[PDB]
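Structure record follows, encoded as structure tokens.
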Amino acid sequence: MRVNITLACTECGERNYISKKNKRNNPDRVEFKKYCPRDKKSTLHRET
Amino acid sequence: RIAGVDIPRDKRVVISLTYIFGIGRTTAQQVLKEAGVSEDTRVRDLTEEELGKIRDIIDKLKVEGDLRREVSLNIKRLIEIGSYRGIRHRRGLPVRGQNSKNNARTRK
Amino acid sequence: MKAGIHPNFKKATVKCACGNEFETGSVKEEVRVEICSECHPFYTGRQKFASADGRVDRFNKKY
Amino acid sequence: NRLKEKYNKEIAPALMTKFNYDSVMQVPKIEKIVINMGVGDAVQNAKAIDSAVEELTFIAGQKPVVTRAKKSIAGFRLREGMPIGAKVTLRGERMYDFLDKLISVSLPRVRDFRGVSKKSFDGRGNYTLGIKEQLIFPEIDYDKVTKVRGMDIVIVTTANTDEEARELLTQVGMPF
Amino acid sequence: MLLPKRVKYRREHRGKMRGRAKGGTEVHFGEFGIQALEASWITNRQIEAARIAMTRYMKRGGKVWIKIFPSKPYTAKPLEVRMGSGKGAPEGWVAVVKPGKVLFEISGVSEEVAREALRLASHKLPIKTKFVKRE
Amino acid sequence: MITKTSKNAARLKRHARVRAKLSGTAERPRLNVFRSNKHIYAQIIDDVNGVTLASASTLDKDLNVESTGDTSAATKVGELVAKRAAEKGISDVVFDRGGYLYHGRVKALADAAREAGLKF
RNA sequence: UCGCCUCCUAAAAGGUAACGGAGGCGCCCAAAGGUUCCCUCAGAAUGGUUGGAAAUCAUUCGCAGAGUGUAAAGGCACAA
RNA sequence: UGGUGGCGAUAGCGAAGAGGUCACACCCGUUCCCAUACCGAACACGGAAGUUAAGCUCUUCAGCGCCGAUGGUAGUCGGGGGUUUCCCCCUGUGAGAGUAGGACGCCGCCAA
RNA sequence: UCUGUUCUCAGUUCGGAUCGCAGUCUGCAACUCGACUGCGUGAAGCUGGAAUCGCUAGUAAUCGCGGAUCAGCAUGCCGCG
């Protein structure tokens, strides 16, 4: 059953991103590599 | 192994040879008496020359599939002869003649 | 030819009960043979033992 | 190697001059040998694949390939997933080594073998054997081996018609 | 009683008829045929009644050679209902017949008995009708 | 007569597959390779008119290589097509493999183009 | 029955009604996305095991009968 | 003769026959590059004993498949009638395998 | 029953029934329908639910041995240790 996830950036703390994920298929905390407009580079993004 | 099928390993030869098809205790006794194995032998200790000569003497005797095909040939011969006794084998009833009502229970 | 997942084989030799030698590659190095092709009478032209076993009861009562 | 030289030297020129082929190199030749398990116990016992991974690695010097059921069959209780069977293919000199091991030890070690029928072809010249036991050589761990099941062998040649394949396998030494 | 054993859609439009038949303009399989001149609907019961008329008068023949099969279903609402609220239930099947359509073919029966059989069965159909022989 | 698929049919299939997204235009031509088992061929093709600006092959009458199809000979014929570009300067081209995978004599040809400075 | 998608009615552009004729949706996918590289299915015939019309294989025919996450229509094997 | 493009298969699928000294491709061996969940079957690496049967190119056929007009009809824009769930006549337009036939190839550029 | 070797807990060297081959005896004749032997084949059966039977100074249980009808045929019956 899919749920909404906001993705806070690793070092700065600005989310800027939402996604859908299945907690049955991915019970872990997801790690992406996404552009952060405050940090001006692609940075690792944490599932909150 | 001997007739293409395996052998027990840790028992005497005069008993172990009875495992393979179509050969028996008295026959194994009378062949191994002239073979000279003293009727107590493990197969883990033997010689290749005595293994070869028992291989050819059990090769000459009627052991492996030939007894099966022989009795099959006689019994199918009895089927196309018919002649009552073949009907008894086809029906599964006892053949040598007995009281077919009381026990009759080894067959069918 | 991916190394480490194929089992190794050596140049093995094949020894028969009649002393026949033959060559192959296998896991072992030398292999016993109980019965071989030229020892089995079925390969060697006509059969030798089942030729003697191939008789039938031709109504032989006369003795 | 040895069967390559033997194959050339006393199979090729005799039959090509016997049947008057227009070119030498259109002689028929055995191309490959493919081995099939087809073992359907994975619904009952799913762990029996590595079972005879060990002795097909004993047969051939390279690992077998697990086959894949292309669809799901309910009556056989076969869902999609849980792959069935195991295949391997032999070519080069390993196929000739397999023919040496098949002729020399295996068919005499089969204790009920009689002359196979002439009509054992698939209709084009490609032959299939079925061998019902694992008994090829006595180091197969027959004493504590688990299963007594069979084996499918398909030898595949480039002979277009059946007669060329039949005479080729008689020159190889298959008893009919 | 002629029935298509399966149909895609059991309700379909009534359709319009105009112009001659696309095929079946000539008697080809028997030797005497019968032709429609006016276009209308012909039902299962009309086909069956004509076949019983032909077969029971001739009492003999090669075969009867019906040349049309009803595929169109027609629908009816139940009686005395306010009109609307959805299309009605399928009631029966209809073979659409255009002019120049051979309906029935006859082989192996002689002149006057064939004429009498075809007149006797063409009286059982709602459409104007003409005899024809094979060229 | 078991059916062996021909090399050239599969090569034309994958060559059409790689051709489907690139074609040498005017001032942006296409460098095409043939890797036949005795000789190596390279061409510069303009698509819109079907002309060949320059070409090079190992079966040429001077500065021949003895191995005739080694990757060293591929670097040599890359040098020759580089001088063919040196008379007819374009100085840029889009590489087109034949579906021949970018490991072999095609890789030595491309590396010869890079070493001579032919911009891919 | 009330919102959204697909076909016909829809009259060879688009649009078009009815308590007209058929279905479906209120999701799923951390790969069932993106890129680079490599092929080809469905079905049928024949040979061989407990192998059985039909597990798995090998060969022949096979322009699309099969796939394309799910309803349908339009497209696709120079792959979608 | 090879490489390489365009033209709707008038280019195809087949039935026959030749060719290889140059090329193309069969073949040979996996020593390292590489690779097949199995492999030198493919992908690669580097050679050239012999081999045109296949791939390839030429000569032939209407077998299959493909392309395909003139009048002929069905349909119909626009008029006009009739016993009008549909017919008939006009100045126009005009269908589709079916037949006339075409066809088992036409044009480029580099290396012989 | 008493002394030696083996088997070492198994469908086994248990158990012996069905089945094929070859025989011996009796009898005019062993298929319907006799007994016995040499082989080979080796089955179910791993001490048995509801219930149920016999047994008090050689008694139960086992082990054999005779005999009777009868050319031949016992696990039946009678008797003996």
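If you're wondering about the labels, chains in the structure tokens are A, B, ... by order shown, residues count from 1 in each chain, ligands from 1 in order shown.
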
When you look at residue 21 in chain A with a cut-off of 10 Å (counting only C-alpha atoms (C1' of nucleotides)), what residues show up, excluding the ones that are within fewer than 3 positions of it in the same chain? I need them as a PDB file with C-alpha atoms (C1' of nucleotides), in the first residue's frame.
```pdb
ATOM      1  CA  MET A   1       0.000   0.000   0.000  1.00  0.00           C
ATOM      2  CA  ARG A   2       1.761   3.088  -1.323  1.00  0.00           C
ATOM      3  CA  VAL A   3       2.456   6.110   0.871  1.00  0.00           C
ATOM      4  CA  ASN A   4       3.731   9.650   0.285  1.00  0.00           C
ATOM      5  CA  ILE A   5       7.361  10.387   1.159  1.00  0.00           C
ATOM      6  CA  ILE A  18       7.970  14.047  -2.785  1.00  0.00           C
ATOM      7  CA  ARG A  24       5.863  -3.709   1.971  1.00  0.00           C
ATOM      8  CA  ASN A  25       8.300  -3.863  -0.943  1.00  0.00           C
ATOM      9  CA  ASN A  26      10.755  -1.324   0.523  1.00  0.00           C
ATOM     10  CA  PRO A  27      10.546  -1.377   4.336  1.00  0.00           C
ATOM     11  CA  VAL A  30      15.206   5.125   0.759  1.00  0.00           C
TER      12      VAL A  30
ATOM     13  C1'   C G  29       6.072  -0.302 -10.374  1.00  0.00           C
ATOM     14  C1'   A G  30      12.573   1.189  -6.583  1.00  0.00           C
TER      15        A G  30
END
```

Could you build a table of the residues in chain H lying no more than 10 Å from chain E, giving for each the nearest pair of atoms and their separation in Å rounded to one decimal place, using only C-alpha atoms (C1' of nucleotides), ordered by chain and ascending residue number, as a Markdown table?
```
| residue | atom | partner | partner_atom | distance |
| --- | --- | --- | --- | --- |
| H:74 | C1' | E:19 | CA | 8.7 |
| H:85 | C1' | E:40 | CA | 8.4 |
| H:86 | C1' | E:18 | CA | 7.4 |
| H:87 | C1' | E:19 | CA | 9.7 |
```

Using the selection just defined, write its residues with N, CA and C atoms (P, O5', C5', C4', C3', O3' and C1' of nucleotides) as a PDB file, in the first residue's frame.
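Produced file part.pdb, reproduced below:
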```
ATOM      1  P     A H  74     -25.922   0.222 -61.297  1.00  0.00           P
ATOM      2  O5'   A H  74     -26.056   0.075 -59.726  1.00  0.00           O
ATOM      3  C5'   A H  74     -26.099  -1.215 -59.143  1.00  0.00           C
ATOM      4  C4'   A H  74     -25.220  -1.288 -57.927  1.00  0.00           C
ATOM      5  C3'   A H  74     -25.229  -0.062 -57.043  1.00  0.00           C
ATOM      6  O3'   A H  74     -26.382   0.040 -56.232  1.00  0.00           O
ATOM      7  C1'   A H  74     -23.015  -0.749 -57.371  1.00  0.00           C
ATOM      8  P     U H  85     -42.918   2.257 -47.778  1.00  0.00           P
ATOM      9  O5'   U H  85     -41.899   2.713 -46.648  1.00  0.00           O
ATOM     10  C5'   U H  85     -40.528   2.370 -46.741  1.00  0.00           C
ATOM     11  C4'   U H  85     -40.036   1.728 -45.472  1.00  0.00           C
ATOM     12  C3'   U H  85     -38.711   0.997 -45.573  1.00  0.00           C
ATOM     13  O3'   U H  85     -37.595   1.866 -45.512  1.00  0.00           O
ATOM     14  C1'   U H  85     -40.273  -0.332 -44.388  1.00  0.00           C
ATOM     15  P     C H  86     -36.300   1.565 -46.410  1.00  0.00           P
ATOM     16  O5'   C H  86     -36.892   0.780 -47.650  1.00  0.00           O
ATOM     17  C5'   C H  86     -36.138   0.649 -48.835  1.00  0.00           C
ATOM     18  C4'   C H  86     -37.040   0.455 -50.015  1.00  0.00           C
ATOM     19  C3'   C H  86     -36.479   0.911 -51.344  1.00  0.00           C
ATOM     20  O3'   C H  86     -35.599  -0.026 -51.925  1.00  0.00           O
ATOM     21  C1'   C H  86     -38.678   1.727 -51.094  1.00  0.00           C
ATOM     22  P     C H  87     -34.716   0.410 -53.187  1.00  0.00           P
ATOM     23  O5'   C H  87     -35.636   0.045 -54.429  1.00  0.00           O
ATOM     24  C5'   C H  87     -35.329   0.541 -55.719  1.00  0.00           C
ATOM     25  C4'   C H  87     -36.573   0.851 -56.507  1.00  0.00           C
ATOM     26  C3'   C H  87     -36.342   1.654 -57.772  1.00  0.00           C
ATOM     27  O3'   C H  87     -35.909   0.851 -58.851  1.00  0.00           O
ATOM     28  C1'   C H  87     -38.138   2.599 -56.561  1.00  0.00           C
TER      29        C H  87
END
```

Please identify the strand (DSSP E) residues within range 19-135 of chain E (assignment by DSSP from backbone atoms) and present them as a tab-separated table (two decimals) with C-alpha atoms, in the first residue's frame.
```
chain	number	residue	atom	x	y	z
E	32	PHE	CA	-33.84	-25.45	-59.90
E	33	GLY	CA	-33.82	-22.48	-57.55
E	34	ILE	CA	-36.29	-20.01	-56.12
E	35	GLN	CA	-35.75	-16.24	-56.01
E	36	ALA	CA	-36.91	-13.35	-53.91
E	40	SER	CA	-38.10	-8.20	-46.25
E	41	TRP	CA	-37.32	-10.12	-43.07
E	42	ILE	CA	-37.62	-13.92	-42.98
E	43	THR	CA	-37.67	-15.74	-39.65
E	72	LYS	CA	-29.62	-11.11	-37.04
E	73	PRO	CA	-31.35	-11.15	-33.65
E	74	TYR	CA	-34.39	-8.97	-33.20
E	75	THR	CA	-35.59	-7.75	-29.84
E	76	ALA	CA	-38.93	-7.11	-28.21
E	89	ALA	CA	-34.95	-8.79	-24.72
E	90	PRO	CA	-33.82	-10.80	-27.76
E	91	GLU	CA	-36.83	-12.69	-29.10
E	92	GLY	CA	-35.73	-14.46	-32.28
E	93	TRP	CA	-33.49	-14.58	-35.32
E	94	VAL	CA	-33.96	-13.18	-38.82
E	95	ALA	CA	-32.26	-13.78	-42.17
E	96	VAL	CA	-32.11	-10.50	-44.09
E	97	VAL	CA	-33.18	-11.03	-47.70
E	102	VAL	CA	-31.90	-17.44	-54.25
E	103	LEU	CA	-33.61	-18.88	-51.19
E	104	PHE	CA	-33.82	-22.61	-51.88
E	105	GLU	CA	-32.08	-24.92	-54.32
E	106	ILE	CA	-33.28	-28.29	-55.65
E	129	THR	CA	-41.28	-14.77	-55.44
E	130	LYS	CA	-40.09	-16.14	-58.83
E	131	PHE	CA	-38.95	-19.58	-60.05
E	132	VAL	CA	-35.57	-19.94	-61.78
E	133	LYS	CA	-33.57	-22.71	-63.47
```

Checklist entry - Counting only C-alpha atoms (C1' of nucleotides), what is within 12 Å of residue 49 in chain H, bar same-chain residues fewer than 2 positions away, as a list in words? => result residues 27, 28, 47 and 51 of chain H

Next on the checklist: If you run DSSP on the backbone here, which positions in chain E get alpha helix (DSSP H)? Please write them as a list in words.
Outcome noted: residues 44, 45, 46, 47, 48, 49, 50, 51, 52, 53, 54, 55, 56, 57, 58, 111, 112, 113, 114, 115, 116, 117, 118, 119, 120, 121 and 122 of chain E

Output file for the residues above (N, CA, C and O atoms, as a CSV table (one decimal), in the first residue's frame):
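For reference, selection28.csv as written:
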```csv
chain,number,residue,atom,x,y,z
E,44,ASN,N,-37.0,-17.7,-38.5
E,44,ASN,CA,-36.7,-19.2,-38.3
E,44,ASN,C,-37.9,-20.0,-38.6
E,44,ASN,O,-37.8,-21.1,-39.3
E,45,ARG,N,-39.1,-19.6,-38.2
E,45,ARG,CA,-40.3,-20.4,-38.4
E,45,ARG,C,-40.7,-20.4,-39.9
E,45,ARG,O,-41.2,-21.4,-40.3
E,46,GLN,N,-40.4,-19.3,-40.6
E,46,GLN,CA,-40.7,-19.3,-42.0
E,46,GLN,C,-39.7,-20.2,-42.8
E,46,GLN,O,-40.2,-20.9,-43.7
E,47,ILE,N,-38.4,-20.2,-42.5
E,47,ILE,CA,-37.5,-21.1,-43.1
E,47,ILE,C,-37.9,-22.6,-42.8
E,47,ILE,O,-37.9,-23.4,-43.7
E,48,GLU,N,-38.2,-22.8,-41.5
E,48,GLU,CA,-38.6,-24.2,-41.1
E,48,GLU,C,-39.9,-24.7,-41.8
E,48,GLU,O,-39.9,-25.8,-42.3
E,49,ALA,N,-40.9,-23.8,-41.9
E,49,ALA,CA,-42.1,-24.2,-42.5
E,49,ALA,C,-41.9,-24.5,-44.0
E,49,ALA,O,-42.5,-25.4,-44.5
E,50,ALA,N,-41.1,-23.6,-44.7
E,50,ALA,CA,-40.9,-23.9,-46.1
E,50,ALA,C,-40.1,-25.2,-46.3
E,50,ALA,O,-40.4,-25.9,-47.3
E,51,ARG,N,-39.1,-25.5,-45.4
E,51,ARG,CA,-38.4,-26.7,-45.6
E,51,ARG,C,-39.3,-28.0,-45.3
E,51,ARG,O,-39.1,-29.0,-46.0
E,52,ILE,N,-40.2,-27.9,-44.3
E,52,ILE,CA,-41.1,-29.0,-44.1
E,52,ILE,C,-42.0,-29.2,-45.3
E,52,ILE,O,-42.3,-30.3,-45.7
E,53,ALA,N,-42.5,-28.1,-45.9
E,53,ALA,CA,-43.3,-28.2,-47.1
E,53,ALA,C,-42.6,-28.9,-48.2
E,53,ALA,O,-43.2,-29.8,-48.8
E,54,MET,N,-41.4,-28.4,-48.5
E,54,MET,CA,-40.6,-29.0,-49.6
E,54,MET,C,-40.3,-30.5,-49.4
E,54,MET,O,-40.6,-31.3,-50.3
E,55,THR,N,-39.8,-30.8,-48.2
E,55,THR,CA,-39.3,-32.2,-47.9
E,55,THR,C,-40.5,-33.1,-47.8
E,55,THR,O,-40.5,-34.2,-48.4
E,56,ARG,N,-41.6,-32.7,-47.2
E,56,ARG,CA,-42.8,-33.6,-47.1
E,56,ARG,C,-43.5,-33.7,-48.3
E,56,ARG,O,-44.2,-34.8,-48.5
E,57,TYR,N,-43.5,-32.8,-49.3
E,57,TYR,CA,-44.1,-33.0,-50.5
E,57,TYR,C,-43.3,-33.9,-51.4
E,57,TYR,O,-43.8,-34.8,-52.1
E,58,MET,N,-42.0,-33.7,-51.5
E,58,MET,CA,-41.1,-34.4,-52.4
E,58,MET,C,-40.9,-35.8,-51.9
E,58,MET,O,-40.6,-36.7,-52.8
E,111,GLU,N,-39.4,-32.1,-63.4
E,111,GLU,CA,-39.9,-30.8,-63.8
E,111,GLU,C,-41.1,-30.3,-63.0
E,111,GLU,O,-41.1,-29.4,-62.2
E,112,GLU,N,-42.2,-31.1,-63.2
E,112,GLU,CA,-43.5,-30.6,-62.6
E,112,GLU,C,-43.6,-30.8,-61.1
E,112,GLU,O,-44.2,-29.9,-60.4
E,113,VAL,N,-43.0,-31.8,-60.6
E,113,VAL,CA,-43.0,-32.0,-59.1
E,113,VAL,C,-42.1,-31.0,-58.5
E,113,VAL,O,-42.4,-30.5,-57.4
E,114,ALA,N,-41.0,-30.6,-59.1
E,114,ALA,CA,-40.2,-29.4,-58.6
E,114,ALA,C,-41.0,-28.1,-58.6
E,114,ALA,O,-41.0,-27.4,-57.7
E,115,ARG,N,-41.7,-27.9,-59.7
E,115,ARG,CA,-42.6,-26.7,-59.8
E,115,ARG,C,-43.6,-26.7,-58.7
E,115,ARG,O,-43.8,-25.6,-58.1
E,116,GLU,N,-44.3,-27.8,-58.5
E,116,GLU,CA,-45.3,-27.9,-57.5
E,116,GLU,C,-44.7,-27.7,-56.1
E,116,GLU,O,-45.4,-27.0,-55.2
E,117,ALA,N,-43.6,-28.3,-55.8
E,117,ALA,CA,-43.0,-28.2,-54.4
E,117,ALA,C,-42.6,-26.7,-54.2
E,117,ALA,O,-42.8,-26.2,-53.1
E,118,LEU,N,-42.0,-26.1,-55.2
E,118,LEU,CA,-41.5,-24.7,-55.0
E,118,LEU,C,-42.7,-23.7,-54.9
E,118,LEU,O,-42.6,-22.8,-54.1
E,119,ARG,N,-43.8,-24.0,-55.6
E,119,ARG,CA,-45.0,-23.1,-55.4
E,119,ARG,C,-45.6,-23.3,-54.1
E,119,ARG,O,-45.9,-22.3,-53.4
E,120,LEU,N,-45.7,-24.6,-53.6
E,120,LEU,CA,-46.3,-24.9,-52.3
E,120,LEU,C,-45.5,-24.3,-51.2
E,120,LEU,O,-46.1,-24.0,-50.2
E,121,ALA,N,-44.2,-24.2,-51.3
E,121,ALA,CA,-43.4,-23.6,-50.2
E,121,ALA,C,-43.3,-22.1,-50.3
E,121,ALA,O,-43.1,-21.4,-49.3
E,122,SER,N,-43.3,-21.6,-51.6
E,122,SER,CA,-43.2,-20.1,-51.7
E,122,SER,C,-44.5,-19.5,-51.2
E,122,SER,O,-44.5,-18.3,-50.9
```

Considering only C-alpha atoms (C1' of nucleotides), give me a table of residues in chain G that are at most 6 Å from chain D, with the closest atom pair and distance in Å for each, as a Markdown table.
```
| residue | atom | partner | partner_atom | distance |
| --- | --- | --- | --- | --- |
| G:46 | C1' | D:122 | CA | 5.1 |
| G:47 | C1' | D:122 | CA | 4.0 |
| G:48 | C1' | D:128 | CA | 5.3 |
| G:56 | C1' | D:38 | CA | 4.1 |
| G:57 | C1' | D:36 | CA | 5.9 |
```

Could those residues be written to a file, using N, CA, C and O atoms (P, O5', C5', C4', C3', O3' and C1' of nucleotides), as a PDB file, in the first residue's frame?
```
ATOM      1  P     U G  46       3.255 -36.086 -34.471  1.00  0.00           P
ATOM      2  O5'   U G  46       4.756 -36.606 -34.542  1.00  0.00           O
ATOM      3  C5'   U G  46       5.316 -37.053 -35.767  1.00  0.00           C
ATOM      4  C4'   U G  46       6.816 -37.117 -35.675  1.00  0.00           C
ATOM      5  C3'   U G  46       7.350 -37.712 -34.389  1.00  0.00           C
ATOM      6  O3'   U G  46       7.337 -39.124 -34.430  1.00  0.00           O
ATOM      7  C1'   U G  46       8.549 -35.734 -34.927  1.00  0.00           C
ATOM      8  P     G G  47       7.728 -39.977 -33.136  1.00  0.00           P
ATOM      9  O5'   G G  47       9.290 -40.203 -33.299  1.00  0.00           O
ATOM     10  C5'   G G  47       9.973 -41.089 -32.439  1.00  0.00           C
ATOM     11  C4'   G G  47      11.243 -40.478 -31.916  1.00  0.00           C
ATOM     12  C3'   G G  47      11.410 -40.456 -30.412  1.00  0.00           C
ATOM     13  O3'   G G  47      11.788 -41.716 -29.884  1.00  0.00           O
ATOM     14  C1'   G G  47      12.047 -38.367 -31.306  1.00  0.00           C
ATOM     15  P     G G  48      10.686 -42.689 -29.228  1.00  0.00           P
ATOM     16  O5'   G G  48      10.979 -42.633 -27.666  1.00  0.00           O
ATOM     17  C5'   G G  48      12.159 -43.201 -27.128  1.00  0.00           C
ATOM     18  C4'   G G  48      13.091 -42.127 -26.642  1.00  0.00           C
ATOM     19  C3'   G G  48      12.961 -41.732 -25.184  1.00  0.00           C
ATOM     20  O3'   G G  48      13.638 -42.624 -24.322  1.00  0.00           O
ATOM     21  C1'   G G  48      13.106 -39.796 -26.537  1.00  0.00           C
ATOM     22  P     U G  56       7.401 -26.658 -19.851  1.00  0.00           P
ATOM     23  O5'   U G  56       8.860 -26.651 -19.218  1.00  0.00           O
ATOM     24  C5'   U G  56      10.012 -26.573 -20.042  1.00  0.00           C
ATOM     25  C4'   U G  56      11.125 -27.442 -19.512  1.00  0.00           C
ATOM     26  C3'   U G  56      12.300 -27.645 -20.450  1.00  0.00           C
ATOM     27  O3'   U G  56      13.232 -26.589 -20.342  1.00  0.00           O
ATOM     28  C1'   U G  56      11.628 -29.730 -19.519  1.00  0.00           C
ATOM     29  P     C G  57      13.740 -25.820 -21.648  1.00  0.00           P
ATOM     30  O5'   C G  57      14.857 -26.784 -22.225  1.00  0.00           O
ATOM     31  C5'   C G  57      15.076 -26.867 -23.618  1.00  0.00           C
ATOM     32  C4'   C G  57      15.630 -28.211 -23.996  1.00  0.00           C
ATOM     33  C3'   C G  57      15.905 -28.411 -25.471  1.00  0.00           C
ATOM     34  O3'   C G  57      17.160 -27.870 -25.836  1.00  0.00           O
ATOM     35  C1'   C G  57      14.836 -30.335 -24.552  1.00  0.00           C
TER      36        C G  57
END
```

Next on the checklist: Neighbouring residues of range 42-52 of chain I were defined as those with any atom within 10 Å, considering only C-alpha atoms (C1' of nucleotides); residues of the same chain fewer than 3 positions away were excluded. Please report them as a PyMOL selection string.
Outcome noted: (chain B and resi 105-107) or (chain I and resi 11+15-19)

Go ahead and write the selection's residues with N, CA and C atoms (P, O5', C5', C4', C3', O3' and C1' of nucleotides) as a PDB file, in the first residue's frame.
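Result went into again.pdb, see below:
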```pdb
ATOM      1  N   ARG B 105      -5.736 -65.330  -0.716  1.00  0.00           N
ATOM      2  CA  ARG B 105      -5.498 -63.923  -0.423  1.00  0.00           C
ATOM      3  C   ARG B 105      -4.054 -63.488  -0.614  1.00  0.00           C
ATOM      4  N   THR B 106      -3.135 -64.410  -0.905  1.00  0.00           N
ATOM      5  CA  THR B 106      -1.825 -63.984  -1.384  1.00  0.00           C
ATOM      6  C   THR B 106      -1.953 -63.300  -2.736  1.00  0.00           C
ATOM      7  N   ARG B 107      -2.757 -63.869  -3.620  1.00  0.00           N
ATOM      8  CA  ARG B 107      -3.116 -63.209  -4.860  1.00  0.00           C
ATOM      9  C   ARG B 107      -4.383 -62.385  -4.659  1.00  0.00           C
TER      10      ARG B 107
ATOM     11  P     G I  11      14.506 -52.247   7.048  1.00  0.00           P
ATOM     12  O5'   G I  11      13.252 -53.214   6.884  1.00  0.00           O
ATOM     13  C5'   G I  11      12.991 -53.865   5.645  1.00  0.00           C
ATOM     14  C4'   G I  11      13.109 -55.362   5.763  1.00  0.00           C
ATOM     15  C3'   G I  11      12.957 -56.132   4.454  1.00  0.00           C
ATOM     16  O3'   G I  11      13.742 -57.317   4.526  1.00  0.00           O
ATOM     17  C1'   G I  11      11.307 -56.834   5.958  1.00  0.00           C
ATOM     18  P     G I  15      13.266 -68.550   9.242  1.00  0.00           P
ATOM     19  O5'   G I  15      11.778 -68.181   8.815  1.00  0.00           O
ATOM     20  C5'   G I  15      10.737 -68.064   9.775  1.00  0.00           C
ATOM     21  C4'   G I  15       9.523 -67.438   9.145  1.00  0.00           C
ATOM     22  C3'   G I  15       9.102 -68.074   7.837  1.00  0.00           C
ATOM     23  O3'   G I  15       8.250 -69.183   8.055  1.00  0.00           O
ATOM     24  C1'   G I  15       9.186 -65.711   7.595  1.00  0.00           C
ATOM     25  P     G I  16       8.848 -70.669   8.159  1.00  0.00           P
ATOM     26  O5'   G I  16       7.688 -71.579   7.560  1.00  0.00           O
ATOM     27  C5'   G I  16       7.733 -72.019   6.211  1.00  0.00           C
ATOM     28  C4'   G I  16       7.051 -71.047   5.284  1.00  0.00           C
ATOM     29  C3'   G I  16       7.110 -71.389   3.804  1.00  0.00           C
ATOM     30  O3'   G I  16       6.085 -72.301   3.442  1.00  0.00           O
ATOM     31  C1'   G I  16       7.763 -69.144   4.121  1.00  0.00           C
ATOM     32  P     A I  17       5.837 -72.743   1.916  1.00  0.00           P
ATOM     33  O5'   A I  17       4.706 -71.744   1.413  1.00  0.00           O
ATOM     34  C5'   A I  17       3.452 -71.681   2.074  1.00  0.00           C
ATOM     35  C4'   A I  17       2.637 -70.519   1.576  1.00  0.00           C
ATOM     36  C3'   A I  17       2.318 -70.548   0.097  1.00  0.00           C
ATOM     37  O3'   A I  17       1.184 -71.348  -0.167  1.00  0.00           O
ATOM     38  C1'   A I  17       3.057 -68.381   0.731  1.00  0.00           C
ATOM     39  P     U I  18       0.995 -72.034  -1.599  1.00  0.00           P
ATOM     40  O5'   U I  18       0.149 -70.965  -2.411  1.00  0.00           O
ATOM     41  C5'   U I  18       0.318 -70.831  -3.807  1.00  0.00           C
ATOM     42  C4'   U I  18       0.493 -69.390  -4.198  1.00  0.00           C
ATOM     43  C3'   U I  18       0.814 -69.157  -5.657  1.00  0.00           C
ATOM     44  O3'   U I  18      -0.369 -69.133  -6.425  1.00  0.00           O
ATOM     45  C1'   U I  18       2.219 -67.818  -4.274  1.00  0.00           C
ATOM     46  P     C I  19      -0.388 -69.693  -7.922  1.00  0.00           P
ATOM     47  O5'   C I  19       1.111 -69.528  -8.422  1.00  0.00           O
ATOM     48  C5'   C I  19       1.492 -69.979  -9.708  1.00  0.00           C
ATOM     49  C4'   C I  19       2.641 -69.179 -10.252  1.00  0.00           C
ATOM     50  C3'   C I  19       3.668 -69.976 -11.031  1.00  0.00           C
ATOM     51  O3'   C I  19       3.277 -70.221 -12.369  1.00  0.00           O
ATOM     52  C1'   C I  19       4.772 -68.577  -9.483  1.00  0.00           C
TER      53        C I  19
END
```

Item to check | Residues within 10 Å of range 59-73 of chain F, only C-alpha atoms (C1' of nucleotides), excluding chain neighbours under 6 positions, as a PyMOL selection string | outcome: (chain F and resi 35-41+79-80+104-109+112) or (chain H and resi 23+45-47+111)

Checklist entry - Skipping near chain neighbours, those fewer than 3 positions away, what residues fall within 7 Å of residue 72 in chain I using only C-alpha atoms (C1' of nucleotides), listed as JSON, numbers by chain? => result {"I": [26, 34, 35]}

Item to check | Option closest in space to residue 74 in chain D, from G:55, G:44, G:11, G:1 [counting only C-alpha atoms (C1' of nucleotides)] | outcome: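 Looking at the shortest contact to residue 74 in chain D, the residue is G:55.
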
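As for CA of residue 6 in chain E and CA of residue 70 in chain E, they are spaced 12.5 Å apart.
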